[PDB]
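Asks: Per my numbering, the very first residue in the sequence shown carries number 304; after that it's consecutive.
Backbone N, C-alpha and C define an ideal beta-carbon position, used for all residues, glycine too.
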Amino acid sequence: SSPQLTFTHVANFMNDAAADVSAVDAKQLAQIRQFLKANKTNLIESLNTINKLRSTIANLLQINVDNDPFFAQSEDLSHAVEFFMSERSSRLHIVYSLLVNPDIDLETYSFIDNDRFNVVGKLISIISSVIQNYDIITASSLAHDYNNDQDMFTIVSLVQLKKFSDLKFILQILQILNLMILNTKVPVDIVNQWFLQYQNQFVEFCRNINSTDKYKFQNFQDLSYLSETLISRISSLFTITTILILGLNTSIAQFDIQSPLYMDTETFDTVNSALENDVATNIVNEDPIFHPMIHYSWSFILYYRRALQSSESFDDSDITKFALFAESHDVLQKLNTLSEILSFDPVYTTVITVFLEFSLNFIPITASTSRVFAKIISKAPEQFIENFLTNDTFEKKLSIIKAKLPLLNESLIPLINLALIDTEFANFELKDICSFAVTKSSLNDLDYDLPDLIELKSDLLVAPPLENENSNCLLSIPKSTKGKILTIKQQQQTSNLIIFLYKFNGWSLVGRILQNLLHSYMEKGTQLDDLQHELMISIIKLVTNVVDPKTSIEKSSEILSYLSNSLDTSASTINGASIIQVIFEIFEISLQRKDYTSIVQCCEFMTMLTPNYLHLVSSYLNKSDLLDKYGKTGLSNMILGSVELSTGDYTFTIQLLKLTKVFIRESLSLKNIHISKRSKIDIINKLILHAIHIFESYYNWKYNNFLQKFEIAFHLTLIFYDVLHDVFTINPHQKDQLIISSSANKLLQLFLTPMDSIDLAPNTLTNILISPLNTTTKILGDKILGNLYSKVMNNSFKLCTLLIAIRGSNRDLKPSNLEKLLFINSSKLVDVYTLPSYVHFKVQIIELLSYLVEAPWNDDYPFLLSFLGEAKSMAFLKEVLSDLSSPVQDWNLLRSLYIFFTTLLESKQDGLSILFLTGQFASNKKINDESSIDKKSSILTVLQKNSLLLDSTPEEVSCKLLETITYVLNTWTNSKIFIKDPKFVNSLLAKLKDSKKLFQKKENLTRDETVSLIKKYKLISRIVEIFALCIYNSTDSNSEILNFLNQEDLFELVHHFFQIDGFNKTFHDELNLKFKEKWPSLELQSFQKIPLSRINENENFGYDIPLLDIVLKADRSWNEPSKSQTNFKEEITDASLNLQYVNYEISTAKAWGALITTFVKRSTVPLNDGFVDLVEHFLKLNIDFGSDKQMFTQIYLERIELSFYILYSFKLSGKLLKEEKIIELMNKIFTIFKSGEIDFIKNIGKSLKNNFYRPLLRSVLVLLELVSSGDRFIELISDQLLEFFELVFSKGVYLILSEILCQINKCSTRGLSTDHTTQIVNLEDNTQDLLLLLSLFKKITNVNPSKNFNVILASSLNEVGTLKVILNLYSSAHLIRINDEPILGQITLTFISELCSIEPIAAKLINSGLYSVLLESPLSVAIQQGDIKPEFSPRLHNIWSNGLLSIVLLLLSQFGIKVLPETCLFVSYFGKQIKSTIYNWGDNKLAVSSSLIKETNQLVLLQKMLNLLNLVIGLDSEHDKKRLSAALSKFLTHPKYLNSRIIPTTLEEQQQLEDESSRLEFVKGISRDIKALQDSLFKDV
């Protein structure tokens, strides 16, 4: 059936597409909109709804069984409950997503806009219904007691989850309702319903749940503190909703009087009566029914409403009672607490800011009010802050403060508090103060002349604000200063003040006041007044805002200069006077006295001071005692152990972690070279030590605020990952250049530990990974409350993946304990994978599993199937199958699943792979047979289904699908279920044919064009690999691939895939050069990426852009290049794509070569002319020096091999081809073999790279086997053939034999190393000298050579020198023993016979006298000694005997009477062996074989031939022939005697005797040959 979409998946998709709607796939977007248009009423209306355990939980859910079929038949009831919660939350997620961004579906959005207030009323009714059944029925259901205890625990846990989910549901509905009713005119019906159900149901519920004074484990503060945390948010949101319904508007920053509430005279009465009833019955309960904000704002609403009308009647009877109530209930601190609780969303900050701006008119600005305003308003958006600061009422109230400014509590403290709103506003109000107000008890001390206009006739000394009494510092007012005297009460609804106009700076005054406060801080001690202490903290915070990096370094420096003008010069610890030193002294004193607020504020100051002033922070951290110094515990640990571990607040720890993050990032920069490396290294090491100390213990602390625990783990996992990533994934050829290398090494040592280790860092990481299975983590970590937990989790997943990758890249590192922990906790990750509420954690889990499986284990291998089990593995398979087959699917999830399948197929996890492929466990291996795959529960079915959607599927997903298919095909299975339906092969062929976008490839490609080319290459490589496998496994079943390969125009399509021309060496070399003059301290290769794994194959080429951004963040040339300057960012981005392009081009060339090779191997029919054209193309490509740049010289080798085998395949078939192409190929192969990248002449290549010229040698040998090419181009043919012949033969033979001389004696002063055993397998003489050279010699001699060719050959041989090296190698054979026998002489005779076969060479060599020279050798004398028999060395002895007889016979036959004396002396010297053989044959007891018959026939042929061409002992006299004939008559009559005398001494003789014996052939050959020769002799005589 159809899987059908669910609300959770649609909500996840809309969350993904909430940023950019156009960025998502258009078809998926259209299908999502089609789903939305069908479900328009089910979003909200379906929420409304007006065997004992299942009935109890069904009553708990307040929904019928048949209403939820998924809940009905779910085996695990917890899964059904989780699914129902997820669907209920996802409906409102969809509604909120539509409200926030209407562009997702404008048709469904309009369904809400036209029915806005009906939806609002429905939301209020739903909130009331949820509150009604929150505890009335759930508590009764929990109170039930049937039997068992595990069921009771499960029911209790489910009830607690349901209650917390109900609270989260209320929070969600409140968020949506506040979004809807904002800046809208609320009808009086909604107002009445809200003001009725708020008093009737909401406040009592909140108070009852807050105080529960009206199963033991997992019910402590881990549970009770949760409800108190949620109820506070719920009450704050009720307060905000009540404020919004009254008519607050953020567009005008004022209450909307024209709302229907105030135009109705009856609904106004109900609200007024409700507030009056709340006021009049307050004292019974100290907490009012309505928040003091509501009464406090109603006071102003009533005042404005009365002022709009004419009559007022009573004034204080009704207007002022609400104000008095609010003031007596401490409205300001309640407002501050309300602002603090609602900090998660920025809208409520705007609401409170506009409320404060509205209330400005009725509030005089004082110390407490200014403090509250600074605390609240400073977090508002910039536009609302500007609106508040530009208000006319605020300006008028600020002018009064600024009038009489230097009065401490009156004006100075409120102005300092107001300065904490905006930095530019503070600068404007503090830079140019132009008023000085002085109060004096006695007027005699002032010499002023005279109604308020006075003048000063002398200089005046006035003590500055908060000046020490003993200090001599005073402020001087010059004479002739106009003054104004004020002695009357302030005119708003004071002492004798005198105000002079005096232009002075306020920053200097504030700095002097701060120094004075420091002096009293270290004099009195810790008993400083709160007013002074808070003034000090406020001044420190103001300077912190001043020194913020958001300010320009110039103006920050100017302000800090202003702040230090009036400081005392008595201090001399550091030259000059600075406010930074004052704040540092305050920090040290506060650290000594354990003052939490002061240290927190100073740590914030020092955290924000780092980016622009690092030479001060580093110096302080060196001098201060906050960090450990040589075995001495620092002040930070003293505070953490005593103060923070008892109070439960860890603001200082989080501030320290933030400082660590900022310090590391600023130290990695390039503008901080003026700071020494050693200080930075020491400080970074100390900070990393502190961070590691914090990491191993924070998880067991007690937290008053739960979010703080998320704020710590977020900062810890963010520091480790950056340090490890910047070091272990960059700079392949170095390991310690970066300043953070030591910290990275120590972190790697701590995280990766051997098996026996028990270190707590891997345990903490693993505990973080499996957190979502906790109840408190499920509740607090939900996305409704916030997204900090999700960031924590993705950081942890990234860190764990990076650690596994780093370990896997080193063979020396043994398997770590973290991987064993992950293997043990592997069934706890499948649980997270299958959780309905966690669908944004699937890709990361799958990637982690793939990385874990890919890791190599040497000693012992852990099996995933053994850890998961039989039940947990099947659930994983079901979830994976459900994910694979969905109507709408995520591309990232599909890609990750394909990568996971590919990785699992390569690994040794055979059980899991078998389960995934076949759907059944590997334990039942007997089931494996034909049709033994469960089609319903196998990945193969889904692979087949998705393989046909190549056009719709994106190219990455399809290419990885093809990788998985190839891995399935090549090794795991032989039955090709894929090719049963030809649709797959047809789709592959269509993609290959229409993939012709590879035409231009050069015409100034853009970035997107290059990316598309890369993807196309990646797809085509996999396609041709699949085709190669399909054609190889089956010869003729895939007739369509054969037809595609047999087409006429294949060559034009495939010829460009074998050429690699997409690399720009000049571009890649000028970029590296130009990077070292702009920034000479850096080299571009330092930022090169390191490939750690194939799972991250896409991001493995080029340079790291984030690291370059970190290093060069402060450089203008990197960030804002000019028009006349190069753009290094874009060039580096381009250079990273070229490497990937070249890599995939080479891969595609390799795959195409493999496919063509495997096609040519099997084909038997004659090939087309397209392959001749392809061979010509390959040879020309090698002509143009395809390896001069050393561009992956295996392309050269594969081209050579392809050309050789295509040429060789023409021998098996006919292939009648013209001689012109033969000549072209022959000339091109000569030009390849001479000079160029090949190293045959230099003799260096032959010893090492013998594969670069041996295919060429066989190609030359077998290409000449075609029709003889010696007629048409006989001139060029002869010239090229002679050149190639001499160049190969003379040089190779001379060099090989010179090397042999080197191993036997001193050839070129290299040294003498004569020995029986040397080098390996005759170097190349075994193959390169006798397999090819003599064969090509014979081919030329069989090619009808001309006399002029022989003459030129002889001339070249004389120029080189011949047969001297032959005698030298014969002496080598004398001095070299192989298998305890001299075997190198078997080829000397062959070479001699080949040389002597032709007349000119033989005639030229005989003049040098080969006979005596070869006879003088000791082996020749040993052979001449006689008594040589085949019993000793049959094969070799017959070989040399036949060789010498053949050469003697041929020379005698060819040459005339000028050689007869030489032959006569040769046979006289060699006659002893012949006589011994004759005597042995006459005496019998000798093994005679076919070789002996051949030797006897050759001797007989030489005899009478040395006679008639006018000696031979044993054959000259006729008596010898008579005796031989008598012996012949004796033995020829007894074949059985000959068979008995025959002894098989040769393998061929043994084989012949085994098969029907050999006596018949032996006797027949002997009889025929001997009778013929005897008849010839008798006729001649």
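For a test of the three-state rule: what should DSSP assign to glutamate 1306, helix, strand or coil?
Replies: By 1-based counting over the sequence shown, the position of residue 1306 is 1003. Three-state DSSP puts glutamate 1306 in coil, outside helix and strand.
Asks: Note down the Cα distance separating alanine 766 from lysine 974, rounded to an integer number of angstroms.
Replies: If you number the sequence shown from 1, residue 766 lands on position 463. If you number the sequence shown from 1, residue 974 lands on position 671. Rounded to whole angstroms, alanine 766 to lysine 974 spans 44 Å at the Cα level.
Asks: Leaving aside the five residues before and after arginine 357 along the sequence, list all residues of the same chain whose C-beta is less than 6 Å from its C-beta, in chain order.
Replies: Locating residue 357 in the sequence shown gives position 54, counting from the first residue. Excluding sequence neighbours, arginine 357 sits near nothing in its chain.
Asks: Here's a check: name, in chain order, each residue in its chain whose Cβ is nearer than 8 Å to the Cβ of residue 291, leaving out the five neighbours to either side.
Replies: Given that the chain is displayed from residue 304 to residue 1884, the structure contains no residue 291 and the question cannot be resolved.
Asks: Return helix, strand or coil for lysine 787, following the three-state DSSP convention.
Replies: Reading the sequence shown from its first residue, position 484 is the one you call residue 787. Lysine 787 falls in the strand class under three-state DSSP.
Asks: Does the region 1427-1435 come close enough to the region 1291-1308 that 3 or more CB-CB pairs lie under 8 Å?
Replies: At 8 Å Cβ cutoff, the stretches do not touch.
Asks: Looking only at its own chain, which residues have a Cβ that is under 8 Å from the Cβ of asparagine 1277, when we skip the five neighbours before and after it?
Replies: The residue given as residue 1277 occupies position 974 in the sequence shown. Answer for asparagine 1277: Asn1336, listed in chain order.
Asks: Quick one: is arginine 1110 buried, meaning 16 or more other Cβ sit within 10 Å of its Cβ, or exposed?
Replies: Residue 1110 sits at position 807 when you count from the first residue of the sequence shown. That one is buried.
Asks: When you compare the CB positions of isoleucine 493 and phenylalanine 420, do they come within less than 8 Å of one another, or not?
Replies: The sequence position of residue 493 within the sequence shown is 190, counting from 1. The sequence position of residue 420 within the sequence shown is 117, counting from 1. In contact: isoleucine 493 and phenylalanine 420 (Cβ atoms closer than 8 Å).
Asks: At what residues does the beta strand (DSSP E) containing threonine 742 begin and finish?
Replies: The sequence position of residue 742 within the sequence shown is 439, counting from 1. 736-742 is the span of the beta strand (DSSP E), which, as asked, contains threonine 742.
Asks: In chain order, which alpha helix (DSSP H) runs of at least 4 residues are fully inside the region 1374-1452?
Replies: Qualifying alpha helix (DSSP H) stretches, in chain order: 1408-1414, 1419-1422.
Asks: So what's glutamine 557 in DSSP terms, helix, strand or just coil?
Replies: Here residue 557 refers to the residue found at position 254 when the sequence shown is read from its first residue. Strand, per DSSP.
Asks: Do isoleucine 883 and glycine 809 have their CB atoms nearer than 8 Å?
Replies: Reading the sequence shown from its first residue, position 580 is the one you call residue 883. Reading the sequence shown from its first residue, position 506 is the one you call residue 809. Going by C-beta atoms, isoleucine 883 is not nearer than 8 Å to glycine 809.
Asks: What are the start and end residues of the alpha helix (DSSP H) that includes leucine 395?
Replies: By 1-based counting over the sequence shown, the position of residue 395 is 92. Start and end: 380-403.
Asks: Can you tell me which of the three DSSP states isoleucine 780 falls into?
Replies: Looking up residue 780 in the sequence shown gives position 477. In this structure, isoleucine 780 counts as strand in the three-state DSSP scheme.
Asks: Starting from the Cα of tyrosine 899, find the closest Cα among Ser873, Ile986, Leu1477, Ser949 and give me that residue.
Replies: The residue given as residue 899 occupies position 596 in the sequence shown. Of the candidates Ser873, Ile986, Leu1477, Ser949, the one whose C-alpha sits nearest the C-alpha of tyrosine 899 is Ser949.
Asks: Give the DSSP-derived three-state secondary structure of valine 850 in the structure shown.
Replies: Here residue 850 refers to the residue found at position 547 when the sequence shown is read from its first residue. Three-state DSSP puts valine 850 in coil, outside helix and strand.
Asks: Are the beta-carbon atoms belonging to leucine 1180 and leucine 1218 less than 8 Å from one another?
Replies: On the sequence shown, residue 1180 is found 877 positions in, with the first residue counted as 1. On the sequence shown, residue 1218 is found 915 positions in, with the first residue counted as 1. Yes, these two residues count as a Cβ contact at 8 Å.
Asks: Does the Cβ-Cβ distance between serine 901 and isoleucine 889 come in under 8 Å?
Replies: Locating residue 901 in the sequence shown gives position 598, counting from the first residue. Locating residue 889 in the sequence shown gives position 586, counting from the first residue. Yes, these two residues count as a Cβ contact at 8 Å.
Asks: Could you tell me the alpha carbon to alpha carbon distance between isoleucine 680 and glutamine 958, rounded to whole angstroms?
Replies: One-based indexing of the sequence shown puts residue 680 at position 377. One-based indexing of the sequence shown puts residue 958 at position 655. Each residue's alpha carbon lies about 23 Å from the other.
Asks: Taking buried to mean at least 16 other C-beta atoms within 10 Å of its own C-beta, is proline 754 buried or exposed?
Replies: Position 451 of the sequence shown, counted from the start, is the residue given in the question as residue 754. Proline 754 is exposed by the Cβ-count criterion.
Asks: Anyone know if the C-beta pair for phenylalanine 1224 and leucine 1152 falls short of 8 Å?
Replies: As a first step, residue 1224 is located in the sequence shown; it is residue number 921 there, counting from the start. As a first step, residue 1152 is located in the sequence shown; it is residue number 849 there, counting from the start. Not a contact, by the Cβ cut-off of 8 Å.
Asks: Where does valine 1884 fall in DSSP's three states?
Replies: Residue 1884 sits at position 1581 when you count from the first residue of the sequence shown. Of the three classes helix, strand and coil, the one that applies to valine 1884 here is coil, per DSSP.
Asks: If the criterion is Cβ atoms closer than 8 Å, does the pair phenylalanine 908 and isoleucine 843 meet it?
Replies: Mapped onto the sequence shown, residue 908 falls at position 605. Mapped onto the sequence shown, residue 843 falls at position 540. A contact, by the Cβ cut-off of 8 Å.
Asks: Is it the case that the Cβ atoms of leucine 1187 and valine 1245 are separated by a distance below 8 Å?
Replies: Position 884 of the sequence shown holds residue 1187. Position 942 of the sequence shown holds residue 1245. Yes, Cβ-Cβ distance for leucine 1187 and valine 1245 is below 8 Å.
Asks: Pairs of beta-carbons, one from the region 1375-1391 and one from the region 1079-1098, closer than 8 Å: are there three or more?
Replies: The answer is no - the region 1079-1098 does not touch the region 1375-1391, with fewer than three Cβ pairs under 8 Å.
Asks: Got a sec, what are the start and stop residues for the beta strand (DSSP E) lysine 806 sits in?
Replies: Within the sequence shown, residue 806 is the residue found at index 503, counting from 1. Start and end: 800-807.
Asks: In three-state terms, what does DSSP make of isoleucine 1033?
Replies: By one-based count along the sequence shown, residue 1033 stands at place 730. Correct three-state label for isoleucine 1033: strand.
Asks: Of the residues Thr344, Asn1471, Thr441, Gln500, which one's Cα is nearest the Cα of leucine 363?
Replies: As a first step, residue 363 is located in the sequence shown; it is residue number 60 there, counting from the start. Of the listed residues, the one whose Cα sits closest to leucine 363 is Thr441.
Asks: Between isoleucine 1071 and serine 1046, is the Cβ-Cβ spacing less than 8 Å?
Replies: Locating residue 1071 in the sequence shown gives position 768, counting from the first residue. Locating residue 1046 in the sequence shown gives position 743, counting from the first residue. Result no, Cβ atoms of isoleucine 1071 and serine 1046 do not sit closer than 8 Å.
Asks: Can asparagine 513 and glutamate 531 be called in contact, C-beta distance under 8 Å?
Replies: Translated into positions along the sequence shown, residue 513 becomes position 210. Translated into positions along the sequence shown, residue 531 becomes position 228. Going by C-beta atoms, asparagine 513 is nearer than 8 Å to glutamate 531.
Asks: Based on the DSSP secondary-structure assignment, which residues constitute the bridge partners of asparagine 362?
Replies: Locating residue 362 in the sequence shown gives position 59, counting from the first residue. BP columns for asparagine 362 are empty, so no partner.
Asks: Since I believe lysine 1392 is in contact with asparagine 1403 (beta carbons under 8 Å), could you give me their beta-carbon distance rounded to a whole number of angstroms?
Replies: Indexing the sequence shown from 1 puts residue 1403 at position 1100. Indexing the sequence shown from 1 puts residue 1392 at position 1089. Right, their Cβ atoms sit about 6 Å apart.
Asks: What are the boundary residues of the beta strand (DSSP E) that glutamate 758 is part of?
Replies: As a working note, residue 758 is residue 455 in the sequence shown. 756-759 is the span of the beta strand (DSSP E), which, as asked, contains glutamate 758.
Asks: Specify whether the region 597-612 and the region 640-653 touch according to this definition: at least 3 beta carbon pairs, one from each stretch, less than 8 Å apart.
Replies: With a cut-off of 8 Å, the region 640-653 and the region 597-612 do not count as touching, because too few Cβ pairs lie within range.
Asks: Would you call the region 1479-1491 and the region 1532-1544 in contact, with 3 or more CB pairs under 8 Å?
Replies: These segments touch.
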